[PDB]
Each structure stands twice: as C-alpha cells, then as structure tokens.
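J.: Structure provided below as structure tokens; questions to follow.
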Amino acid sequence: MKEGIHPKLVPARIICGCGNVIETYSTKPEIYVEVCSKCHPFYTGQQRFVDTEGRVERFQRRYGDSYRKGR
Amino acid sequence: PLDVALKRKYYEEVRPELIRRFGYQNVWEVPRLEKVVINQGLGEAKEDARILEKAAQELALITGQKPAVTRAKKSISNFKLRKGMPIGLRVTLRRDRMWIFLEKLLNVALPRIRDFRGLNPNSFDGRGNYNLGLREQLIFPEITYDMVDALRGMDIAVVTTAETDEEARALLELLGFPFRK
Amino acid sequence: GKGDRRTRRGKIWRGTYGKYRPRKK
Amino acid sequence: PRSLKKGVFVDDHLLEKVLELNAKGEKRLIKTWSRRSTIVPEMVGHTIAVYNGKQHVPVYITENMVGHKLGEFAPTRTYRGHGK
Amino acid sequence: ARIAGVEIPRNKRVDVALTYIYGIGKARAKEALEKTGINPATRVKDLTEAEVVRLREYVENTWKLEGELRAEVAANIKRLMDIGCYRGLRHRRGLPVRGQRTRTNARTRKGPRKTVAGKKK
RNA sequence: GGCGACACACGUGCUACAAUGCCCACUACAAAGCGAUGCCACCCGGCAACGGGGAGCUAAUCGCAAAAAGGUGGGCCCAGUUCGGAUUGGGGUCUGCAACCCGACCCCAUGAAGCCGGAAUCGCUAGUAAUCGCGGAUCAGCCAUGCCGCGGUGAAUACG
RNA sequence: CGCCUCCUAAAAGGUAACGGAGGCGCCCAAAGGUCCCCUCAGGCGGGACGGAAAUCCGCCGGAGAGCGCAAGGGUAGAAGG
Ligand SMILES: [Mg+2]
Ligand SMILES: [Mg+2]
Ligand SMILES: [Mg+2]
Ligand SMILES: [Mg+2]
Ligand SMILES: [Mg+2]
Ligand SMILES: [Mg+2]
Ligand SMILES: [Mg+2]
Ligand SMILES: [Mg+2]
Ligand SMILES: [Mg+2]
C-alpha cells in the first residue's frame, strides 16, 4: 500500500460469552462487542427459545381443556 | 503470508469437499474468491463534503484500508448534482484483507441484524457472484456507537472464479454464510 | 394518573383493586 | 367471557342439526337464526347461512376461524365508503 | 454492552431503563432483575460484565423481544385478516375495534382531521 | 338486527401536558347514606379481578370501609423522560339461555397525540372559587367521566 | 442584406431563385503544450435508504457516447477521460 493515513491492522482480540476469537486481526485491539454468531447461540444450530405456534396444541389438539380465539 | 483462519478453513475443509462434489479434475477450476468490493452509496452526501470526512475513516476502521470516492458519471436534475459532486465511495479488498473482513462479517457483524432469519439465497447474478447490501453500519465491532452521528449502510460486492452460480452456492454455504435454506 | 389502570391513583378513581392496589392497607 | 366455569357453545339448537352431518354424509348448507352461537371445531370444511338481520349470509368454515363466534363473520352493517 | 438486540437503554438506572424495550414493561423488569438479584438502584454505566451477560442470558430467552414480538403481532392481525371476522375488517378499514363510538372523537386510530363540505353555511 | 352506523361539524364533561410534580412503603383524621329473594367481617388458593368455606347483622350494638388530599421516609434530575394514558396483541375473573356487533373489570406488553392552547367564550364575592375522596338513586351486571348529595384543605379581589 | 453547415448541385471544382432547414458576432490559464495511464453510450441479471436511470459489481456492447456551442466531415491503433 502506502505510508499515510492507513491503519497498520495489528492482530487483535474480541471477547464475548461465546468465546475468544484469538486471531481476528483488526484495528483497535481488545474490543468488546455484545455477541458472536455461529459459535453456539444465534439460531444456526436450532435454538427456538419460545417455539411460538398456537394453531394446533391449544386450538386443534387438546382443545377441550380451555377456550379458543387464536394462539 | 499472514495466517488467516478463514483461508485455513478454506484450504482444509471447504477446498477438498468441493472437488468431491462437482468432480473438478484440475486444482484451478474449483471456485475461488479474490477481490471483494465495498460500495457506500452516500446519496444524502450530495450537499456536504465534510460528511465524507466522517465516513471514509469509519469504513476504513472495519477494512483496514483507505477507501476512494467515486464522482458522478452524468447529470440528472431530479437529484441535486453537477459533473463533480462526490456522492459515493467504493473500496476493494483482496488477499489477506478480504479474508479477515469476512471472518468478522460472518460471526460479529452479521448477528447484529435485528430479526436476522437467513440471507436471500436467490440473489445470485447467474455467474456466481452473491450480492447483498446492509442498511446499518454500527453492526461492526469496530464502531463503539459513541462516535456515530449519521446512519448509513453499504453494498459489499462479491466475487468468484466460478462459471455458474450453482458452483458458488456451495462455497457460499461451506464457508459459513447463513442462508434461508 | 387517575385514568392509569396500573397505579394507586388510577384504581381509586376507577374503584377496582388488584396488584397495584391490593385489598390490604 | 365465560371464564372456564362453564363450557362454550351455549346454543343447543344448531348442534342438533350438525352433530350427525359428520357420521352421516350428505354435506348440506343449513340456515340459522343462532348468531349468538360459537363456532364448531369438528365440522371444518362446511358452510352456514348465518342471519344478519335480513339475509342469511353463507360462510365457509375454514381452518382458521375455529376460534371466533358466528356474528363476527356476519356483518349487520355495510359501508362501501362515503365519498359519494 | 448491548442487551436486547442493538437498540438498548443505557446511562442512568437499569430499573426504569429496561422499560424502553418493547416487550419489557415496569412489572417484568422488576420480575426479571431480582431473579438475577441485581440492585435496581445502580446506574447502568457502572456494572460488572458478568451480570450484563447474565442479564443477557435471562430476558431474551424467557420471552420474545421487539423484533420477533412485532412479527407475531403483525401476523396475528394478518391471521385475523382473510377470514372475514369483525376484528379483521375493522383493521383493514382502520377504525377502532372495541366499541368506541366512531360518530364522535376517534382520531387516535383514524388519524388527522379531514374537512368535508358540511351543509348549511 | 338497529337505536352505539362515520370522510365530517358543534355543545357538555373527564384525564393530561408535569418538579409548589409523578411513583413505592408506613401512618392518621370525616359527614351523609345503604344492606337478612343482601352487605360480607375472618381464613384458605390465585401476582389480581375473584372463587371455596364461613361468623355476625330485621342493624346508632355487624358489614360496606379503604377515605383521599395531608404527614414520615426513599427513588426520579426535567429529558414526549418511571409526565401522560390513548390505541392495539395475548391471557383471564364475575354477572347473566346469554357479553361479536354493544359490557364491566384483572394481568402482561403497547405506551400514541399532546411541552399550555387562534379568533372568541364560561363560572364564582366567604368557607364560595380551586382542589380531594365517599355514598345514594335506577341497576342481574353495566360503558356513571352523568345526575342527586356528603364531607377534607382552603385563596385572591371588588377604586368604581 | 456579412459569416458557417447540409441539400438543391445533375459523382473534380464551381453554380442561381423573396427555394428547403439550422447556427454565428462567443468561449477556455485550462477546455492550451508535453509525458504517462485509462475506454464509451447502451442492454441483461444482482445489490440498504434507490424509483426509468445518484454511486457498485459480472457478463454482453466497435460505435450509435464523447470531442464547449448549429450542422457536416472525422475520430477509441483517439482529436475522448
Ligand atoms: Mg420498552
Ligand atoms: Mg362564513
Ligand atoms: Mg341514543
Ligand atoms: Mg355500639
Ligand atoms: Mg352576589
Ligand atoms: Mg456538388
Ligand atoms: Mg459538382
Ligand atoms: Mg458534376
Ligand atoms: Mg436492480
């Protein structure tokens, strides 16, 4: 490249609950961000915290236990 | 030169699985990416030239490379312009720099998208180049949010040496890009 | 306020009781 | 709301006309004056001519309307705009 | 540290800060912090990272948040659409759904005031 | 089924636009009324509306019932911000063949417009104005913010 | 009423009519000299605010772009950027 207003791009580190991406090679080393996808959380791995659906289990099957009108 | 895990992930897992899939005889017709490009279409920067001073370095913080501005090609009076009027700026990233930008892209930049339920998979040009654009820029970890005052996204380009998009869809899945199946 | 169904001042203006104004002083 | 102390489907006049249309075949549209009634779950895929005040409107019971009653699917008031 | 998506509250008193999140009210923010046992009187700027990730492990898993909660509610309106219910056509017309006499003042859901001819002038 | 329809216009009211203010905990002090084909003391379950048991009361001896403003202490730092509560989703409790058009509430989220009101216009001369709650009538229940009453704190001003 | 361009103009040139149809009385210290580099308009897909084209990819595109201004000749193996 060329000497001037150009970042040196030093090897860095990023911390989260997901883990420490050791390499990551970016400017402003030892940065803090909220999450890291594709490690363990963030749906690619099929988490489904709430499994939101209310058309069958309380609207079609097991219906006599309570009333209706949606999910 | 600089040891990159994404190119290590390429050369160890992604590279040999594709030879098994399509039966590439030689080591070269296998899909390979070189020269990814980022375009920031600042159409709202037609009036101001000081706002680009506060946007070129902020795109440079996530790439590690200074971007170049692009001038207006012609003139259309429905938009405020002239033959000059620096509107957008575009930077291209290559070997050892394009790899590290993608590593921060798939894992740290991409999850910040609210309600992200996969990428649009039929966004291929037909040759093998998967384009996509983003509307927010603070998704990158280099932005601390306490230095941003203007909200502006970007259009990162894409590249491959694949003749068809069917060859690139696999490499775009084995490297880790989340799609809508 | 007096019309806010989730406060002491709103329950007394309405006349109903609940979590934000129990039947116990 | 009944608040679960008592069960749903208060009217006993139209269930006598629909509880055998499941065992016996011959799917037939039936007219009614029971707007106050609740919808029936075991009779999806049929039609009912619910009275709105002057004309019995036919309504296809689909898989989504197993929750609401019969009067919401029978408007007693029409508007069609007021720009005329 | 961002807790609920990206747009989160920060700077001065966690107890009423969390309320700014759609899907998080005054009661469930009091129902979710004592179970984490965090002092409601602390300012959000000075916290240890252990509880800000422990709080980012307890509210976004127990229930839906701003983005995904809007997706169900907007589709709940669409689910109550294309069936012909009174609740469905009342939204498509953009008028209030629970009674609320539309002859007089109902400008909250209808919108701004419009003016028509208005006879006898 | 409609009298409650709504692209509109007007009158009467209610709650607000906040810091001589809002929220939370504790602590006081009234008058007038009503209630054994009812008011419900007191426990138990539910975050709650309420439900199950169940004592007393033809009632200046029982119940509605808690009065609120006020007082003590803490939080908020004046930002459409725990001001403000509309609108909408879900879940529910009672009354009642029976609550979608047409109820009343309870809970969890919404938490919008409004930051002091153009031209005009109203009420009041001493415990009134302002502000704060309570009861009754009809009524199974109720859209009652209405109406009829009751008390608490308590101004200013009137040359003419 | 003078000048430029096309036609009439009959294949060198030239050629008239109150014949057909347009422009000019300027502009530029960069729009000039030299050296170096670069290739257009369009069409098709793809891509946040982006619409018939604001900036960007990837093919196709030897001239229809452009060459300050009318028109003609000419031009990318550039006089264009
Ligand atoms: Mg919120
Ligand atoms: Mg007039
Ligand atoms: Mg009437
Ligand atoms: Mg006595
Ligand atoms: Mg007098
Ligand atoms: Mg000639
Ligand atoms: Mg000749
Ligand atoms: Mg000749
Ligand atoms: Mg396009």
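The header says X-ray crystallography, 3.2 Å.
Here the Cβ of each residue, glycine as well, is placed from N, Cα and C on the backbone.
Quick paste of what Swiss-Prot says about this protein:
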| type | residues | note |
| --- | --- | --- |
| BINDING | A:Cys16, A:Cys18, A:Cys36, A:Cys39 | Zn(2+) binding site |
J.: Around A:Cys39 (Zn(2+) binding site), how many other C-beta atoms are within 10 angstroms of its C-beta?
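T.: So the number of other Cβ atoms within 10 Å of A:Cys39 (Zn(2+) binding site) is 16.
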J.: Fewest other C-beta atoms within 10 angstroms of its own C-beta: which of the binding-site residues A:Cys18, A:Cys36 fits that?
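T.: Result for the binding-site residues A:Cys18, A:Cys36: minimum number of other Cβ atoms within 10 Å at A:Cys18.
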J.: So for A:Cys16 (Zn(2+) binding site), how many other CB atoms are inside 10 Å of its CB?
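T.: A:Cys16 (Zn(2+) binding site): 21 neighbouring Cβ atoms within 10 Å.
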